[PDB]
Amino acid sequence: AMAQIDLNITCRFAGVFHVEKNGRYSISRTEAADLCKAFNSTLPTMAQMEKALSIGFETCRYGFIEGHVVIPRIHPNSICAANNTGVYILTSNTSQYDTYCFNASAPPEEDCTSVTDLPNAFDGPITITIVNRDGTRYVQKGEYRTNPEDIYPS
């Protein structure tokens, strides 16, 4: 396994945020749940994603929620789910995407407070870098993956 992981995280909108690993689609469904857990968060429900959308949350990236892979869209864009709007649900045959997460402690509105760590990561050997939208970035040593197939695929 690679000894470093980079995580780019968005601001939180009604608790919901987007996390992308390593600048490309690289998170499996099991990894997604674990990553959210390491942020003391959970995979958003569809209803939570609808609430975030209603206050301005959108991305141009597919990512896991509870039971689906989705992309939240407010403004139509020809290269983000083909000008569709809403919480767009994808069915394909591939496995890896980004993830969304929901934090119950976040405020109702948009919160761009710097995320300085993965508070619920555990001991391990990986240098994990968090990169916030404002460019503030932080490193820690640990692990968040609990599924050996995500770390050491057979």
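Position 1 is the first residue in the sequence shown; the rest follow in order.
Judged by mean Cα B factor in the deposited record, 106 to 114 ranks above the other of 106 to 114 and 43 to 51. Taking only CA atoms, the mean B-factor in the PDB entry is higher for 128 to 136 than for the other of 128 to 136 and 9 to 17. Note on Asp34, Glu58, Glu66, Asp123: the highest value goes to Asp123, judged by CA B factor as recorded. Remark: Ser26 belongs to the lowest third of its chain, ranked by C-alpha B-factor as recorded.
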